[PDB]
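This document starts with two versions of one protein chain, written out as structure tokens and named structure 1 and structure 2.
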Structure 1
């Protein structure tokens, strides 16, 4: 067969140990999910420094904690805008997930609180910026560089799926690089606890699985499709399906055809054909052997999964970091003031926050 006795025994024992780890991680997650934390700081405990990014109902600012001098990333959400954009359940869900999970590549929530106007989530500051910026600047990542990042996503999805969480918005824009060159996942607005199937149309056009586009009930296999898209974009510099308008992107996704750059290795193409598989009865990550079909594929033959988890592998790239509070890896935005009303807004809708 492909493995001799020593390698087969080592691989078998390794997979059993992963099961044992995940069983303990699920017990710890459920305890924190059932009893979430609330109100662990207040606004005047921090100095505001710079805006790191913004959405349609809030922004993320670099702040410095007054007592400790530590820097953090503070997400500020306007309660009135959250309601008007129908994002109440998503916002409460993101905070409940963040306070319950624990994994080396998931960002850590350190404080949360609220006032009359806004909700606040204070997370560790990840100073290297988005993978997106580095990928567009460098052009594309070599296959070993792409594989280093892909291995961290495989482990992170193995963890999340063991908790029955589907992620649903993987893309380079949602992956930050930390000071040691490892990945941090920060946003969980579209994640959902799903043991069986779910039906919501959500995600980003280039990364949507065919079964979402076709309005089917779907499961955690959409995250393994999105992993195929991410690995392709990292290694090519562009995604496998693109067009002027989303409707034409969707035509390409459901077609079952994908084309590859001539510099892709045969091992990489084989992995991608099995992740970007329209037929769910054939898609890697969705079969009887689960995540092991991915972790044991030839393209990952050089990957030491435990060493990646322990952060003992030397990263191919370390972002420029001149010191604490360095923001050079982030875009520049115009600074707007944080007004706090004299009257509580939307108190009933955000009672559990």
Structure 2
């Protein structure tokens, strides 16, 4: 067969150790989920890092920098995101993984909800990808491996993520990925039905109004790996409806510089037939982790953050924001409480 005796025994033991790690991780998650912080004047507001509202760099007045997310309650209501948003705070307080951004404080006032997270200073993968143009296959693989491990973790907790895209992946000071934005994350032991996500990254079963499951995240991983290695996504067009036509068609074309191993992996991730899509089969995530394109990946070394990253962003000190774009800076909290009943639990 493909593996000799030593190799097969090593892989077997590695897979059983993953099961052991995940069982403990699910126990910690459920304990925190069952039994889950500050105020606006505790922080000096510095500048706006990104755009329901804005994310701002703040300095806690222990001197540490954080990214403070500000959500207008009326906006959350108008976009019908009330349950998605209360759930995002609950998920972020309860999970724990090296590639998931860490929530440190939460609170609210008359008009806004606030989530204070660790500041990830290296900027969005999106910016780096558009600037460099495309990532080499080893560079794309280093990032992909972190997403594989992160989805393996989240899916073991029965959480579907549903918003993978380079815009939602931050690069930290060591060049590793931080997943942000859990507004669409949900516990789904079986199926769920909400039409949500980003057009380029939607699995066909979402577009076709089906009940769907965590397999949509593995489709989205295929889209991400393709966009990282090509510089552009596998399905695009002027308007979303034409993008959906390409996604459901069952056809994908690849750049001539893609390796044969990469094309084979992507044809198995970007698989319209759910009975054939990697991540959705009897062997689960092992079909992905054991694929030839990942043969050089040391999964435990990635998890321990012992692999040298291909890209280390510029860090000129604490509070440096040079990796983020510039946005217009605004100041206001209403004298009356907005949407009090809808957000009582936040």
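Positions refer to the first chain, counted from 1. Only the largest set of C-alpha atoms that superpose within 1.5 Å between the two forms is called the rigid core.
**Q** Have a look at 344, 332, 20, 14 and give me the residue whose C-alpha moves 2 Å or more between the two structures, with the fit done on the rigid core.
**A** One residue passes the 2 Å cut-off, namely 344.
**Q** Where the rigid core has been superposed, how far does the Cα of residue 77 end up moving between the two structures, given in Å?
**A** It moves 1.4 Å at the C-alpha.
**Q** Once the rigid core is matched, what's the CA displacement of residue 322 between the two structures in angstrom?
**A** So the C-alpha of this residue moves 0.5 Å.
**Q** In Å, how far apart are the CA positions of residue 117 between the two structures with the rigid core superposed?
**A** Displacement of the alpha carbon, after core fit: 2.3 Å.
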